[PDB]
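A single chain, nothing else alongside it, follows as structure tokens in the form solved without the ligand.
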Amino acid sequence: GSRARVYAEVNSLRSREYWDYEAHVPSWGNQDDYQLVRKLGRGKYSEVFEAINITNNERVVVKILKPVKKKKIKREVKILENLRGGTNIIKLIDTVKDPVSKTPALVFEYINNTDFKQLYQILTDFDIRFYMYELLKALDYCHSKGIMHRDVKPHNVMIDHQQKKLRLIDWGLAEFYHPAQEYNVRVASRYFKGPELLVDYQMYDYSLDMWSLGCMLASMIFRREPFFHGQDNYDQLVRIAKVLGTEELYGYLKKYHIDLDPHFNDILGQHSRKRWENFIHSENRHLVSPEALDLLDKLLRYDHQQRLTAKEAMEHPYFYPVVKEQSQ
């Protein structure tokens, strides 16, 4: 079918206990050590709070899980434990329960995030290179650990723009990659869904995250956020095809023997592939370079298996100024 070009066998080469999250037995500490201070956020599966550990005054984040989802809890816990110490991955400090209700929660390191909508309108060329490089470190790490994030988007990339700290958060959709495994396509945010998801291709891999990263890069260098702004999942693919081209979409589908939902026939139209320079204008020109466009062109590709890996992206000339500053 399709396989990842990198890290394809790494889970099979590890002990089964590494990836068999259903067999994982977390050690649940006591949530009574934590005082909730402020609600940050809330999703269908969890609610997130700033908190203080009253035993040592440490400020933390507590994510309270909805307890009915036992397999998904084990998955997120095991993934976070496997990733501990990875560069720019949010640090899981502990797994705790309310000692009476037994409702589980995750305790994370605190980061003071700069709201992305405002931030992405004031980044410099160097800043974009720097933060994209830092995010790539996290993705290369998790991919090397056999894990796809599957929900890369600005809201899951915390950036403290004062300390220049970045953390990739919300591992609740992440999964272990196993070659030939068919995965649920109902992952990622609409605007960050790769074409593979939108055409119901289940044999995807780490490269899904590289599409999402490309979407973020485009939004930063062009100042159009989100970059591909679909109204629903059907329209999302139309928005992509109006840039990447319809003949090019059909070549991708043919290569992977992908069946297209016939509702698309009435909405895709006919679109030439657009030059990335078409998105430049006076408001973003200072963020766009030949390097940036070359990198973007190699990320925002229909063919998931031809997109750059996180490592190949990190090795692109676009990041040379960051690497050089990092050593001098």
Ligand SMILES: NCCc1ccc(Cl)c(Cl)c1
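Residue indices: 1-based, along the sequence shown. What we label the rigid core is the largest C-alpha set whose atoms superpose within 1.5 Å from one form to the other. Shifts are known only where both forms have a C-alpha.
Next on the checklist: Please compare 21-29 with 301-309 and say which has the higher mean C-alpha temperature factor in the record.
Outcome noted: Higher of the two, by average CA B-factor, is 21-29.
Item to check | Higher-scoring stretch by recorded Cα B factor average, 170-178 or 252-260 | outcome: Mean B over CA atoms: larger for 252-260.
Checklist entry - Taking the Cα B-factors listed in the entry, which of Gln163, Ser189, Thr103, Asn156 comes out highest? => result If I rank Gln163, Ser189, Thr103, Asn156 by C-alpha B-factor, first place goes to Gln163.
Item to check | Deposited CA B-factor, highest of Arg224, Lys97, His149, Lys71 | outcome: Going by the entry's C-alpha B-factors, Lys71 comes out highest.
Next on the checklist: Please say which third, lowest, middle or highest, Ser207 falls into when its CA temperature factor is compared across its chain.
Outcome noted: For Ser207, whose C-alpha B-factor we compare with every modelled residue in the chain, the answer is the lowest third.
Item to check | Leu119 - which third its CA temperature factor falls in, relative to the rest of the chain | outcome: Highest third, going by the recorded CA B-factors of the chain.
Next on the checklist: Per the entry's values, where does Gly85 land by CA temperature factor relative to the rest of its chain, in the lowest, middle or highest third?
Outcome noted: Highest third - that is where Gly85 ends up once the chain's C-alpha B-factors are sorted.
Checklist entry - Against its chain's modelled residues, does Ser219's Cα B factor rank lowest, middle or highest third? => result It falls in the bottom third of the chain.
Checklist entry - Comparing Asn184 with the other modelled residues of its chain, is its CA B-factor in the lowest, middle or highest third? => result Its C-alpha B-factor belongs to the middle third of this chain's values.
The following text describes the form solved in complex with the ligand, which does not appear among the structures shown.
Next on the checklist: Is the ligand in the deposited complex close enough to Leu197, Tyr201 and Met203 that every residue in that trio has a heavy atom within 4.5 angstroms of it?
Outcome noted: Judged in the deposited complex, none of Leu197, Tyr201 and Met203 sits within 4.5 Å of the ligand.
Next on the checklist: Can you tell me if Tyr131 lies within 4.5 angstroms of the ligand in the deposited complex, counting non-hydrogen atoms only?
Outcome noted: Yes, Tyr131 is a contact residue.
Checklist entry - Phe116 near the ligand in the deposited complex, any heavy atom under 4.5 Å? => result Because a heavy atom of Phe116 falls inside 4.5 Å of the ligand in the deposited complex, the answer is yes.
Checklist entry - Contact between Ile159 and the ligand in the deposited complex at 4.5 Å, heavy atoms? => result Contact with the ligand, yes.
Next on the checklist: in the deposited complex, does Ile93 come within 4.5 Å of the ligand, counting heavy atoms only?
Outcome noted: No, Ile93 stays farther than 4.5 Å from the ligand in the deposited complex.
Checklist entry - Since the chain is shown here on its own, which stretch among 93-101, 251-259, 213-221, 235-243 would lie within 4.5 Å of the ligand in the deposited complex, judged by heavy atoms? => result Of the options given, it is 213-221.
Checklist entry - Of these, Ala105, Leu83, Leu135, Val77, which has a heavy atom no more than 4.5 Å from the ligand in the deposited complex? => result Checking each option against the ligand in the deposited complex, the one that comes within 4.5 Å is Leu135.
Checklist entry - Going by heavy atoms, what in 1-32 lies within 4.5 angstroms of the ligand in the deposited complex? => result Residues within 4.5 Å: none in this stretch.
Checklist entry - Which residue, chosen from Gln202, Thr103, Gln231, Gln118, moves its CA by 2 Å or more between this form and the one not shown under a rigid core superposition? => result By this measure, the answer is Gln118.
Item to check | Note on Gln162-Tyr120 C-alpha separation in the deposited complex, which departs from the shown form by 3 angstroms or more | outcome: Compared with the form shown here, the C-alpha atoms of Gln162 and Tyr120 sit closer together in the deposited complex, by 3 Å or more.
Item to check | Comparison of CA distance in the deposited complex with shown form for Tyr120, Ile280, at least 3 Å | outcome: Farther: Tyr120 and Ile280 separate by 3 Å or more in the deposited complex.
Next on the checklist: Counting only residues modelled in both forms, where do runs of 3+ with a CA shift of at least 2 Å appear between this form and the one not shown, relative to the core?
Outcome noted: The run that moves is 116-121, and no other.
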